[PDB]
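Engineer: part one of the complex, untouched from its place in the assembly:
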Amino acid sequence: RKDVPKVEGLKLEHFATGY
Amino acid sequence: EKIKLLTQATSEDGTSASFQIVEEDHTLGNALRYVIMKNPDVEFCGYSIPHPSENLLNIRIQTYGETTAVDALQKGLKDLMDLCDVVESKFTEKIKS
Amino acid sequence: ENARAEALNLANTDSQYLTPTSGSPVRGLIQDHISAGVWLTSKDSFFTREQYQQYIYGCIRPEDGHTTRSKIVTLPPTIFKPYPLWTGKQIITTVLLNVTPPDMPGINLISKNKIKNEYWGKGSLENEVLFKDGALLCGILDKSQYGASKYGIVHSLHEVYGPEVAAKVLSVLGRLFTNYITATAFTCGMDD
Amino acid sequence: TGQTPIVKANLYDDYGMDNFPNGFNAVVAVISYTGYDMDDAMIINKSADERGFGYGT
Amino acid sequence: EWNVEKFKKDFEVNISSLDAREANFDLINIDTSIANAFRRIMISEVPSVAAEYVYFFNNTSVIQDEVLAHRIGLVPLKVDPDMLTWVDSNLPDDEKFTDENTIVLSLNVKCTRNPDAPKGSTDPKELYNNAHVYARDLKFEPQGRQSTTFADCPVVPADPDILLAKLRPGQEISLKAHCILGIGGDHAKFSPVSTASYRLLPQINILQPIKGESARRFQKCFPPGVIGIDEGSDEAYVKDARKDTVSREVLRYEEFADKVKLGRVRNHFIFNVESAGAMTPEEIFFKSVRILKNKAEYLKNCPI
Amino acid sequence: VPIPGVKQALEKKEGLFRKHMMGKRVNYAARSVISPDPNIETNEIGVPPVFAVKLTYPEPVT
Amino acid sequence: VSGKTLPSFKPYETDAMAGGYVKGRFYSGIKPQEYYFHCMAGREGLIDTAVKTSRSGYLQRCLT
Amino acid sequence: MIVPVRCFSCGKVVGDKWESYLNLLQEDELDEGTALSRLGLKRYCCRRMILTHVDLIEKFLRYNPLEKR
Amino acid sequence: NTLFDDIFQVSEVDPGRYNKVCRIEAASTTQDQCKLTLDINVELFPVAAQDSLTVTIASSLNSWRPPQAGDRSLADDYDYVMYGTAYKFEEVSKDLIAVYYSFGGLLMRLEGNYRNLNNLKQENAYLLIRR
C-alpha cells in the first residue's frame, strides 16, 4: 500500500497583514 | 435617559456608586474602565454587561474618599476624549507626513 | 396564589439541591465552567489589579443583590513588589466573601478533587483543597467541588447557609467562569 | 444558497450530488468562549447570518 | 502615574501602507482597551448607506423577491454618508422619505432572446439580451433638490460588476430601492469595512546563539523576511518582526525548543482596514476616533 | 372495525380514567425548544416575548 | 457457522483482532474489520438503551 | 443558487468575481488557488466562497414558464 | 515589626508543569535543622540552584492601598514580598516544629526549632525575600 499522494508544488499562502 | 446611576447602590457620601448605561457594550465599557483605573484616587473598577441581548452596561467605581464616583466618571470620560484627540492629531500629522 | 406559593417554596429549583434518592447533590455547573476552574484556580495563574477587579465586579454586580455589605469589599494582593499581583484562589476567596453573609465564619472545609498529585509534578500537594475562614489555600477547585460530586465547597455552603446561598454561589460562579473564559479561552485540537 | 464541500468524499462526484447542495463550508472555531454553548448548543455569527448564511424559504 | 501628556509622549503612529481601499498602519504604546474600542467602533458604529426599503413592481425572475431584495440591499454604494441625513421612525411612512436622506435606485430589465442566435452557441451572452442583471443596472435618479446637489457625484455601486440576477427571455424585474443611513451593528450590510482588525507585533527572543547550518534552518522556520544571517559572524538575528505570522514551527523542533522564546509585545498593534468601497480607510479610522470621542462626550454632557 | 362499547370507552390507557382524569390537557401552558443562557439566575428561565404577550394571569385590582 | 468471524478472517482463527479486539485508535483511524466490529458494538449499545428506556416505566408506574 | 454579494465571514465582496473566476479558469491552465489569488482573495474565508459556489441558477433557469420548449 | 529572619542556600528548583512558579528545596547554612520550602513565581523573582536567598517575615509593614508618593515600608530592603496567612502549626518532634504558610496558593513550609520559630503565630504575615 503506497501512501496518500502528496499535492506537490505548494507555495506559501499566508502573508501577514500589509504583506 | 441614556445614563442614570442606580439609587440601590449609591451612597450618601457618594464615594461609591453604580451606573447603568444604555446602548453601550464593551466598546465603551472596557476603555472607560481602563481610563478610570488610571485614576489613582479610585479603588474599585470594572464593568459588567447584565444580559447581552439587552443593550445595557454597568460601571461601578468605588473611590478612596474626598471625591465622588460621579466626578471620577467625568474625569474618566474627559481623559477618554483627550486620548482620542491625541490619537487623531498624531494620525493627521502622520497623514500629512 | 395557592399554586404560586406552592411552586415558590416546595418545588422551586433552589429548594432541590439534592435528590431524595440517596441525598447526593444533583445541581452544579457542568463542563466548561469546570474546565475553566482547573485553570483559574491553578497555582500558575496570577491576575493584576485591573483584571482581578473586573472579574469580581462582572461576577457579582452588587446592584443586582449578589452582595451583602452594600458595597463591594476587596482582598490584599498576594504580591507587593515589583507590582501588585493577585491569584485565582484569591479570586475565589473574595467571590465567597462577597456572596457569603457577613459576621459568619467562612467554610473551614477539607476535601479533595479528581486530580492526583503526581500530575502537577514532584512535591505537589494539589490533590487536597484546604478552605479556611472563607479562603481557598491549597489544591484546586474542580468538578468535585461543584457539580455531580459530594462534600464539595458548594455542598458545604449548602450545609451551612441553606440551599439559597448555595444557589447564589452556583449562579455567581457561573457568571465568573463565563466572563473569565471569554478572556482566556479554552480549546482542543490535534496536538492534544 | 448552497456550497460544495471542500472535504468531500470521492463519491460526491461519482453520484453527482453537486446538484443538491445541502449546506455550506463554515469557519468552525473549536473554542470555549461565550458560555452559550456547553451541552450540545452552537453559535452562529450574527453578521454572517445577516450576509445570507444558511438562508432558506 | 498615567497622564494625557505621559501618553502623548509615547504613543505613535506608523502608517506602513496606504490606498483608497486598504490601509495598514501601526498603533504603538496604546492600551489594548482603546485599540479594541477603535476596532469595534470602526467595524460597527461607523455609518454608511445601503438600500433598505425596496419596492417591487414585477419579478418574474427565478430569484425569489426577498432574495433579490437582500442582494440589492447588500451592494455597497459609492456615496459619502455625510451627504444625506438620518431617517425617522414616528413620522408617517409616506412622509419619512425626504430629498435629503433617501437615494432611489430603479432597475428595469427585460430579457429577450437574440434573433441572430448563432448555431452551437452555449454562452448566454449571445443567445439572450439583458439575460444578466449587473449592479451597473442600478441607475440612480435625483429627486427634488438632488439635481443641484448630487450632480457631480455619479452615484454608482462601489462595485458595478457584482451580479444581481440571471434571467431568461420574457422574465422581467422592475423595482425601486430606497437607500438611507445605517450602522453595522444594526445590519451587516451597513458595515463600511470588508475587514478591520489588528495583531500585536510578534516578538522573537533568541536566548542562545544559533550558528552555522542551525541558523540556516532556524531562519527557514519563519517567513523568509523575518530572520537573517549576519554577514560576518554566522548567526541568526531578527530582521523584521512584523513580517512574521506566529506559526510556531520552531517549537516543533527540539534543537530550538530551548534556544528561542516566541513572546509578543503587548502594546504594539498592526491595524489593517479594508474599505468596502464607500469611503477610504484613513477616513474610516478618522470617523471611528470621532465617534468614540463624541460618544464619550455625549455620556459626559448627558444629565445625570 | 367493531364499534367501541361503554366498557371499551373507559378501560385502558386511551380510555377515560387515564386519558382524561389522571392526566388532562391544560390551559395557560406553553412549550418551546430550550436553549442555554448562563446570564440568568439559576432559579430563572428565559421566557420569549411571544409567550409573554399570550400567557396571562388574572390579577384582581386593588 | 463456518467459524469465521468475518469474510476476511480465516475460519477458527486464534487472533485477538479476529476475536473483536481492535488495536487501532481513533487518532490514527481503525481498519475496516475493526470498523465493522465497532459498528456492531455501537448498534448493540443503541438497542440496549432503547429497550432500557421503556423497561423501567412499568416498574415505576406499578410501584407508584 | 447565485453568487453572493458579500463574503459571510468578513464582508469582502466576492459577487463581482464569479465570471472573472470562470474565465480565468477556462481560458488558461490556471489552478483554482492561482485564480483566487489573482482575483483579490487571500484569506480562506473569501477563498472558499468562490472555490465552492455551485451556481445552481443555471439548472434553475432551464425551466422557463414563459417560453416554448 | 519582624517575627522571623534568616539567609538561605537554595539546593533544587523543580519546574513541575508551572510556567512561572517554582518550588524551592532549601537548606539553611546557619542551623543544622532550619529548612524552607516556598513557591514563588520566577517570572518576578528568578532563582537558580545553589543560590543564596534572604527570608524575613513581618507582622506588618510600617485596608490595603496601592503605593503612593511618600510611602515607606519593610519591603524596600528586599526584592520579592508576599502576603499569606498561617493555617497549620505542626509539632514535628522535641525542639522541632514546622509551620505552613500559603500565600494565595503558594504554600510555604518552614522547618527547624522553636528557639527561632516561636514568634510565628496563626495570622496574617508578610513574607520578604532578598538575594
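Structural biologist: Perfect, I can see it now. Numbering: from 1, shown residues only, chains lettered A, B, ... in the order given.
Engineer: Quick check: the residue of chain G nearest chain F.
Structural biologist: residue G:61 (10.4 Å; Cβ to the nearest Cβ). C-beta coordinates here come from the backbone N, C-alpha and C atoms, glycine included.
Engineer: The helix or strand hosting that residue vs chain A: in contact?
Structural biologist: Per DSSP states H and E: residue G:61 is located in helix G:32-63. No - against chain A, helix G:32-63 shows no contacts by Cβ under 8 Å from any Cβ of the partner chain, the least distance being 13.0 Å.
Engineer: That helix near chain C anywhere?
Structural biologist: No - contact of helix G:32-63 with chain C (Cβ under 8 Å from any Cβ) is absent, the minimum separation being 12.4 Å.
Engineer: If you count contacts, what does that helix end up packed against?
Structural biologist: For helix G:32-63, there is no helix or strand it packs on, judged by 3 or more Cβ pairs under 8 Å, 6 or more residues apart in numbering or on different chains; DSSP states H and E.
Engineer: Now for residue F:24, how many residues are close by?
Structural biologist: 7 (other Cβ atoms under 10 Å in any protein chain shown).
Engineer: what number of residues lie near residue E:32?
Structural biologist: Residue E:32: 15 surrounding residues under other Cβ under 10 Å.
Engineer: my guess is it meets residue E:266, correct?
Structural biologist: Yes - if you go by Cβ atoms under 8 Å, residue E:32 and residue E:266 touch, sitting 7.0 Å apart.
Engineer: Nearest residue to the residue in chain G positioned nearest to chain A in space, please, no chain neighbours.
Structural biologist: For chain G and chain A, the shortest gap (Cβ to the nearest Cβ) falls at residue G:31, measuring 11.5 Å. Nearest residue to residue G:31, sequence neighbours excluded (Cβ to Cβ, 6 or more residues apart in numbering or on different chains): residue G:24, at 6.1 Å.
Engineer: with the structure above as the base, add chain J:
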Amino acid sequence: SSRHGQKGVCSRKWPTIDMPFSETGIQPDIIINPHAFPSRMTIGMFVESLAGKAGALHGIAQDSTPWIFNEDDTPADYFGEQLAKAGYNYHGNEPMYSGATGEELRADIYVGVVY
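Structural biologist: Just below you will find chain J, in place on the chains above:
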C-alpha cells in the same frame, strides 16, 4: 449539524464585534464547544477542520474516503504539512484575540472550515 453527528441548536446570533478574531482578521461564523469531543470521540470533525482549512488555503479539494490513510501516514500530519507549507500552524491552531477583552487568548485556538 456537522457531518459527524455533532448536532446542536443555534443558541445566539453572536455579533461580530463580540466574536473572537484572529491575526488574519476573520471571525469564525460557527462556534462549537471543545467539550463535545471527549465523550463523543469524533476525531473526524477535527481532521475535517484541518483538511478544510488546508484546502481553502491552497485552493484545492480534499478527499475523505475512509481507510485511505494508515497508522504510518496520519491525516493530522498530512494536513499539518499542507498548512505549514501555506504558513499556518502545523497543528491547526490559529492565534486568536477575544473580541471583548481585546487581549490575546491564553493559547492558540483550533479553527478551520467544515461543511
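Engineer: The neighbour count of residue E:32 again please, chain J included this time.
Structural biologist: Counted with other Cβ under 10 Å, residues neighbouring residue E:32 total 21.
Engineer: cool, and residue F:11?
Structural biologist: Neighbourhood size, residue F:11 [other Cβ under 10 Å]: 14.
Engineer: Could you check how far it is from residue F:5?
Structural biologist: Computed as Cβ to Cβ, to the nearest Å, the residue F:11 to residue F:5 distance reads 9 Å.
Engineer: just residue I:92 next, same as before
Structural biologist: Remark: distance between residue I:92 and residue F:5 (Cβ to Cβ) = 89 Å.
Engineer: what about these two, which has more around it?
Structural biologist: More crowded of residue I:92 and residue F:5, by other Cβ under 10 Å: residue I:92, with 13 against 8.
Engineer: How about that one: what's its closest non-neighbour residue?
Structural biologist: residue I:98 (5.2 Å).
Engineer: dump the residue contacts of the closest residue to chain C within chain I.
Structural biologist: Relative to chain C, the nearest point of chain I is residue I:16 (2.8 Å; Cβ to the nearest Cβ). Contact analysis of residue I:16 by Cβ atoms under 8 Å, 6 or more residues apart in numbering or on different chains lists C:120, C:121, C:122, C:123, C:124, I:22, I:23.
Engineer: ok, and of those residues, which contact chain E?
Structural biologist: Restricting these to those within reach of chain E (Cβ under 8 Å from any Cβ) leaves nothing.
Engineer: Can you tell me which of those is nearest residue H:65?
Structural biologist: Taking Cβ to Cβ as the measure, residue H:65 sits nearest to residue C:120 out of the contacts of residue I:16, at 72.3 Å.
Engineer: now the nearest residue to that closest one once chain neighbours are set aside, what's its secondary structure?
Structural biologist: In space, and not counting its chain neighbours, residue C:120 is closest to residue C:126: 4.9 Å by Cβ to Cβ, 6+ apart. Secondary structure assignment for residue C:126 (DSSP: H, G, I helix; E, B strand; the rest coil): coil.
Engineer: Much appreciated, bye for now.
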